[PDB]
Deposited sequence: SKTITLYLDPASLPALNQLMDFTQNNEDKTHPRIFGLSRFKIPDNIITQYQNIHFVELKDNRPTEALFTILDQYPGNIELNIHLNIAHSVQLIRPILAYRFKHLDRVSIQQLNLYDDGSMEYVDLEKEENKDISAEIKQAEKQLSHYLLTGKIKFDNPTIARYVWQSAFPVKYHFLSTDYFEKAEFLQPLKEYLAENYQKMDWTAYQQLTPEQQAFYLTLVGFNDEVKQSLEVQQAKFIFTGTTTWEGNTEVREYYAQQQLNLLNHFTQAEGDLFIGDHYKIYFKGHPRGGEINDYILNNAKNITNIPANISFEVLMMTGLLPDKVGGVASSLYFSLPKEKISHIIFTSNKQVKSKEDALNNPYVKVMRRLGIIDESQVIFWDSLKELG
């Protein structure tokens, strides 16, 4: 049989890891590959070097039936090597299971590689604090069994169902935070259940690539020379991190733009509650989905250097280009940021807060929210 590798991710963290996997394997120019990465366009110069390389759109967190046409090109026995986003794993593998169903003799699942979406997994697990995890796991395994057998999705506990793929396939999980699993006492039954099927995301993998593969990887994530250089200057550096909002509105986006500009000034103005001192060069790392929110900071702020919003913050870590201090709105990027580089984390009782306090990312101090900082200026 042939092995076909599928890389599916609507978000960004998993994509970063999958792109690394691609890079690590990039010597093989003919291994069938199917990219379903909503946030990363593989440039055409790289595309033209590979054969049997395919692309599928995602819609509603699942590949479209365009996937069937790709797969039909491989008439032999095929084994599926699948990389997914943990939070949306159930939906992302739905059409693959559907296709498998129409082709039992030829199509089988080799294994699954699951990666965290971000803070979302943790916030959702935090909400199961009061439940009997052990009982929840068994229900999940049983319901997953029904899905695999009927194609129908029905989970009493959709959060816990994300973690029971062991019962069906060889799987490896890559967690943003292993600590959460090891330290949260109510999750001890999930931890033991997972046994040897998980590991921490290895942010040092980049260091082990050859220099040409590094240049290659940088092209996939879009970390160009111009950005690299401004982060190599020899001066004290602070990066303000932006956030965004789902709420496809305007009054909310606008409000978020205003508050985030205010939060910036609390960091950068002498009268601010968060004032960092006047010995740092200021940088802005807007949120990749910030849109107008990011424009708003660049249009109204003063002596600040922009790090193109599309570049995922974790790329700076991999390339060793982390600044001295990082501050801004609570974000998935703070789960992997070295502790001594945290200036201050602000939020917009609260499970996101509970998660970060449990992980020690924030202390017992007293959470600062958006709306408690006065309008400076």
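Stretch of the deposited sequence lacking C-alpha coordinates, numbered from 1: 349-360 only.
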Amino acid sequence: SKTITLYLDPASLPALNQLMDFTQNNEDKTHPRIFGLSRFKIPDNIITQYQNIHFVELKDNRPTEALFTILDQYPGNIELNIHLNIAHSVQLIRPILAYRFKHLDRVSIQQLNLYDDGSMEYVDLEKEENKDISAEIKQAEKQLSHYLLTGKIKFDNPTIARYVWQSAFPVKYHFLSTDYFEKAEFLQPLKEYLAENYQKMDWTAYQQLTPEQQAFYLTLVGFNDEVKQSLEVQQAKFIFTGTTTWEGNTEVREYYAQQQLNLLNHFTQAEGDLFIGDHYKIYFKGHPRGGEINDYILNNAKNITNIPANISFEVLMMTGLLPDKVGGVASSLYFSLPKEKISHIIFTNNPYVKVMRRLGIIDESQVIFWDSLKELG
From here on, numbers count along this sequence of modelled residues.
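Averaged over CA atoms, B-factors in the entry run higher in 204-212 than in the other of 204-212 and 257-265. As recorded in the PDB entry, 174-182 is the stretch of 114-122 and 174-182 with the greater mean C-alpha temperature factor. For the set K302, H88, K281, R94, the PDB entry puts the maximum C-alpha B factor at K302. Looking at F35, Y50, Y334, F40, the one whose CA carries the top B-factor in the deposited record is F40.
Placement of the Cα temperature factor of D132 within the chain: highest third of the modelled residues, per the deposited record.
Placement of the Cα temperature factor of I311 within the chain: lowest third of the modelled residues, per the deposited record. Annotation for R162: C-alpha temperature factor in the lowest third relative to the rest of the modelled chain, per the entry. Per the deposited record, the Cα B-factor of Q188 falls in the highest third when ranked against the other modelled residues of its chain. For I345, the recorded CA B-factor ranks within the lowest third of the chain. Only modelled residues enter the ranking.
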